[PDB]
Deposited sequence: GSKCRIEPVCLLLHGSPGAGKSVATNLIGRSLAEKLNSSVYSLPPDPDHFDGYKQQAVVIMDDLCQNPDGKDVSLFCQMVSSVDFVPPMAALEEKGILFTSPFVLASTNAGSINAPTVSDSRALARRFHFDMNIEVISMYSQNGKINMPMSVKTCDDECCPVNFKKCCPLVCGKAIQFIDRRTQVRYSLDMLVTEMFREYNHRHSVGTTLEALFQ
């Protein structure tokens, strides 16, 4: 346990609910706070082609019934263990996974791991576990309207505001408590959690 655990978000939404744009805006806002960038993890087995310790890793379109290999990898990523992603297949040197944020999205209502033990392990890692709701005036034919939603309407974590950012077009609902957030509010909550985990007091508390 030498690593601070990444702060992890899981977004559940129907197809066309804006999941991919939401994770890429949340990730870019967080990544810029850390003077870094976003990396989308390839879904295929050697998942880390292009990984350069970017501050934000995104996993889009998680399936409802993941492979044991996928569960295993995810549980390593979102933990305090030092580990080297599978890079030998890419003929690239082993580098440590050090990204402090992991964002994922799924069309599944609930992720079912192979065993209930694995389901518990996933649940303790999805620190922010949120449902996406698209507001009906910003959706047509089940698809979020991006021109409408990005048109400039101030926000805390973005330069300009738009319906996507301030909760007019898309909202996030906490799956446990039903508390509701805009995208802007969610970035604040996630960065606050990152600061909590890196604070001196928190890291010292772990010595007892």
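Unmodelled regions of the deposited chain sequence (numbering from residue 1, in sequence order): 1 to 2, 156 to 159, 215.
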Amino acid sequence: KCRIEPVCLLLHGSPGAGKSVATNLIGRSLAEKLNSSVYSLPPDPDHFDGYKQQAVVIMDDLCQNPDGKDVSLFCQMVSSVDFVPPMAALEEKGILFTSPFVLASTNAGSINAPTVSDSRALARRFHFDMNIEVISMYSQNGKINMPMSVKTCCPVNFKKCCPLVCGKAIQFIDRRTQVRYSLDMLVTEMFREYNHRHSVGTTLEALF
From here on, numbers count along this sequence of modelled residues.
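Looking at mean Cα B-factors across 128 to 136 and 90 to 98, the upper value is held by 90 to 98. Per the PDB record, of the two stretches 160 to 168 and 23 to 31, 160 to 168 carries the greater mean B-factor over its C-alpha atoms. Per the deposited record, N65 carries the highest C-alpha B-factor of all listed residues (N65, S40, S182, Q54).
The top Cα temperature factor in the record, among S105, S72, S79, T115, falls on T115. When the modelled residues of the chain are ordered by C-alpha B-factor, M148 sits in the highest third. Among the modelled residues of its chain, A17 has a C-alpha B-factor that falls in the middle third according to the deposited record. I4: CA B factor in the middle third of modelled residues in this chain (values from the PDB entry).
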